[PDB]
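Asker: Could you have a look at this structure, given as structure tokens, before my questions?
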DNA sequence: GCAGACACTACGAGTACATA
DNA sequence: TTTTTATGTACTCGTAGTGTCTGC
Ligand SMILES: Nc1ncnc2c1ncn2[C@@H]1O[C@H](COP(=O)(O)OP(=O)(O)O)[C@@H](O)[C@H]1O
Ligand SMILES: [Mg+2]
């Protein structure tokens, strides 16, 4: 047993002093801090006139433009970078948007799950597009039992299909959501 | 009249199997029959920017009338690794009963498929002896010109007056067969011819409106009441425009970036009747210049968002 | 229905041709390739009771790989497939027969235009040489009376010019000249002896492999030539 | 022109030194690592009748392990390498000799600065202890008048200070003091008794292993210190 | 007469990159 | 005061399953 009144080394020492590496793996995970990442704060520097100095930060014209796509006052420069900003340097992209966005004071933010599984499930079945799939459901909600076609498609709801739309934790409350359809 | 009795949606269930059964204008019906008469099919890009004209049915009809070993795939699911794997293993091998091999790519003008499109040039040439490709396009410019080099660009022509008179009653007797085959009570057609004329070219939206009346037993009602113009008018084209809802205007852009050319074109047509002449001349400048630059347009989505913000804040809606 | 070791191994083979399989009542199982290039059939010793379609045949055999050999595969009173173990019990969801592309049409092979037989260790050596020599296409022709299988590198060799391997399989009798090219990829038979049946007339043809238990019918590449 | 299994065993060893090999006609073969790290020369029991360069010697022998040992090798009219078997034939492509880094002439090893004589089982134990003590570099030097080998763990040792082994080999009758370092990764010789010849002049150096049929020139390390 | 253990491959993950 | 969208490509790392070789 435990030698009672001896000093117990920390769990790192316990795992490390044992060639049991699965516990050492648990020891390293204790410092993961992946929830404590960074992400942007360059947009805030764009509309605040702050020394961003991106270089190593993850720059995405896809994203950085689409964030200013919500604010219509920043849209003239976003419309330009959409036009001619293709093939323009990342460092140049932030530098153009520096003197291009008006004032700063970074602001707020920027179609549901149980519908979007049916829409994407009808789309793959009949090999149609989103637009066509969306209309299919809307007409099927009105007519010859959409509940019937839900059962026709209970077999091809794989976890690869599911997790592809909303990973998080829903694709398990959605996996066995459309289970009860018989 | 061909019915896939195992089908649950009337659009897919009453799909014509033969090119004859297709309700198509003259010159086209003459063209496709000429193509099927040859017994061998060349690369075809048949395209029509108007929805529900019969792009997908004709593509499948040509595969049937020629007795093809068809592999039908949607363009969106037709990525490049899909072309390397299955599509190649298909067109490389020869079918056991001979017969033409065809690969139909439905709605291949989708934007993300540009690089897999670039794979097909040389793919189509390497296997042109054993297999041809039919491409269904909504926006023809979405097809890289080297593919149009390899394909026959069939554009669905504007149906003449005789074509409109004949196709409607051809669709009428088609609606007679399906309703009598489905069990729907006709209760005298009367409005049935008016429904076909209501959405004349769009036969798919006409059949789709027969659906929603399957729970009902009647064929007659004021169908121009429930989601009539559920295409270019009842999808925030009115309400969300005017009020200058920037938040909604931006969220309404994506749902349409798919087919930019149609949308804009229908946007310049119906708008001429909602706003003042001072904004009539004004809307053409901004819409003309947004359409003028849809190529430099890296992201078509944000290009629509710029059209909406400049359109909503300058139109004197009456 | 009970699934033995020889039958699950066959299903592990048929899974390679189609991600799932449709099987109706009897002892005859059959699957075809999605594109329609490889058709496999098999009469087996284990008898199945009902008709069922499995979409995830690979995952179905993996879940079955935890239950003892007494595995009772039954239909659920609602419709699914329950797997009864000596202790535990699993529930697997069955799929619609139209989700799994089924062969459906087991039309018999015609008359054999040419006949030979390939040994088990001869197929073995062909598949093991190709693994080391990167052979992607093989052509079956005649050389000096005896018929042979030649392997190439279609990518490294456009029109199959330079041979990289050749296996003789006995002599041809009739005075015909041909060269049936088969893709090595769409050639998914399991190890064993196969009486090779070759049928081709005009511009259509196929290759049938008659194993002691199952049959594999593959398609021939369009480049193939024959004077039949 | 068949290759005996001891000759091929020596060939699969040479493939560790260089991924290819350039072998001319005769009984003599040789190769040198691309990074000028090791050089092996050997006369063998079989006779090569034609010059050929093999771009992938590893895959060549791995394929040659698939035909029977009586396989007759030759230069086909298909100008490559013909592997005639009882029934099969393998056409292994001959490679352009310009793509195979090979010693254009056998390295005439200079007069040895020091001569010792490793035993085969002494070499065997040296490899076993290295795989157990993570010994990556060894040094051959003088210890109390005898030539010994001492291995380290350059990863943990860095400066090469903590001795981890000492194979006391022969005795040294000279007066020089040397510390020749060899990297274990360059010990590509097959097990067998070797007469070890050492040479070093200034900032140069190499070690030679004279065998009962195969010789090996392995390079010394940058930190080799000597007074020759 | 096979196990062990190194040796090899495949794959999930994560990463960085270029496009529309 | 916010936190994500598609396709295709190339590379590294970690681990885990599979392959070839060896014992006092
Ligand atoms: N020319 C036509 N003749 C007969 N039916 C048609 C025709 N065009 C469309 N349809 C009907 O519309 C449905 C879908 O047509 P589809 O080929 O998808 O057109 P599109 O691809 O242009 O939307 C079919 O089920 C068919 O019944
Ligand atoms: Mg369509």
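Throughout, chain B uses Swiss-Prot numbering, with the displayed residues spanning 2-319 in order.
In case you wondered, yes, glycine gets a Cβ from its N, Cα and C as well.
Features from Swiss-Prot:
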BINDING   B:12, B:13, B:14, B:15, B:24, B:53, B:54, B:55, B:56, B:57, B:58, B:205  ATP binding site
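Describe each of these features in terms of where it is and what it packs against.
Answerer: The number of other Cβ atoms within 10 Å of the Cβ belonging to residue B:24 (ATP binding site), over all protein chains shown, comes to 22.
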Asker: What three-state class does DSSP give residue B:58 (ATP binding site)?
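Answerer: For residue B:58 (ATP binding site) - judged by DSSP and reduced to three states - the answer is helix.
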Asker: Enumerate in sequence order the binding-site residues B:14, B:54, B:56 whose Cβ-atom distance to ligand 1 is under 6 angstroms.
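Answerer: Checking each Cβ against ligand 1, the ones under 6 Å are B:54, B:56.
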Asker: Return the residues near residue B:58 (ATP binding site) by Cβ distance under 8 Å, restricted to its own chain and a separation of at least 6 in sequence.
Answerer: B:16, B:17, B:23
Asker: Compute all pairwise C-alpha distances among B:12, B:13, B:14, B:15, B:24, B:53, B:54, B:55, B:56, B:57, B:58, B:205, the residues listed as binding ATP, and give the largest one in whole angstrom.
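Answerer: Among the residues the record ties to ATP, max Cα distance equals 17 Å.
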Asker: Which site among B:14, B:56 has the most other CB atoms no more than 10 Å from its CB, taking these as binding-site residues?
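Answerer: Going through B:14, B:56 one by one, the largest Cβ count within 10 Å is at B:56.
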